[PDB]
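Examining the three-dimensional arrangement
Listed below are the residues making up each chain.
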Amino acid sequence: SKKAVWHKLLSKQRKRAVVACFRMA
Amino acid sequence: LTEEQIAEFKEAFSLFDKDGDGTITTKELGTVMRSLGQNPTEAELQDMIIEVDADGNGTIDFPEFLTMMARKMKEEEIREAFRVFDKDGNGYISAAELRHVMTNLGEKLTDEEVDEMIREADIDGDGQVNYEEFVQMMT
Ligand SMILES: [Ca+2]
Ligand SMILES: [Ca+2]
Ligand SMILES: [Ca+2]
Ligand SMILES: [Ca+2]
């Protein structure tokens, strides 16, 4: 099953989007 | 804010709070950034904290983080996530778009892995992952 890979992408994307929020102030 | 939005943000906060102590430091921010393959400098880390650190104590608590996320709101995070995969915006994630996201996030890929990820998510059998299939996969 590849649900884990899908979940890892989502986790990383969420982190990347919060980093972008910090960057955008 | 709705409690559901506060709960999503709490989960977002918890992606950065490595010791779970309820504050995000520069080192915790830089750690996550490095894990994304960025190479932040001390200056950039301090600059990002400084804008969000309302009481100036040097770290970000959840209310400060929540105030930043609320200002952003002025879509749900799973919606924004789907939009990142669905780059052409047709409401469907194709294999090429999934390859693009895996590449951008440093996930090594193969065609077969990509096909199986899609196949597992693809309830209606159209060869792509729509939003409803996306959210079910994430559950
Ligand atoms: Ca912490
Ligand atoms: Ca603070
Ligand atoms: Ca698409
Ligand atoms: Ca489908």
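Method of structure determination, per the deposited record: X-ray crystallography was used for this entry, reaching 2.13325578805 Å resolution.

**What about the environment of B:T26?**
Here B:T26 shows up in helix 2 (residues 26-35). If sequence neighbours within four positions are ignored, B:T26 has contacts with B:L45 and B:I49.

**A look at the UniProt feature "binding site: Ca(2+) 2" in chain B**
All names here are of chain B. Here, UniProt's "binding site: Ca(2+) 2" annotation points to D53, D55, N57, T59 and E64. Residue position: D55 is located in the loop between helix 3 (42-52) and strand 2 (60-61). Once residues within four sequence positions are removed from consideration, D55 is found in contact with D61 and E64. Mapping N57 onto the fold places it in the loop between helix 3 and strand 2.

**Structural notes on the nonpolar core**
Counting residues in each nonpolar core, the largest one holds 23 residues, and the members touching the most others are A:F22, B:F16, B:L29 and B:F65. For this core, the secondary structure elements donating two or more residues are helix 1 (3-24) of chain A together with helix 1 (3-14), helix 2, helix 3 and helix 4 (62-73) of chain B. Here B:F16 is in contact with A:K15, A:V18, A:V19, B:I24, B:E28, B:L29 and B:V32, once residues within four sequence places are set aside. Ranked by size, the runner-up nonpolar core spans 22 residues in total, among them A:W6, B:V101, B:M102 and B:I118.

Reading guide: rules and limits
Residues numbered from 1 in each chain as written, not as in the entry; some residues may be left out. Chains lettered and ligands numbered in written order. Heavy atoms only, no water. Residues with missing side-chain atoms left out of burial classes, pairs and counts. Helix = DSSP H or I, 4+ residues; strand = E, 2+ residues; numbered from the N terminus. Contact = heavy atoms within 4.5 Å. UniProt positions renumbered as here; feature names shortened; annotations may be inferred. Core = buried A, V, L, I, M, F, W, Y, C linked by side-chain atoms within 4.5 Å. Buried < 20%, exposed > 50% of the residue type's maximum accessible area, 1.4 Å probe, protein only.

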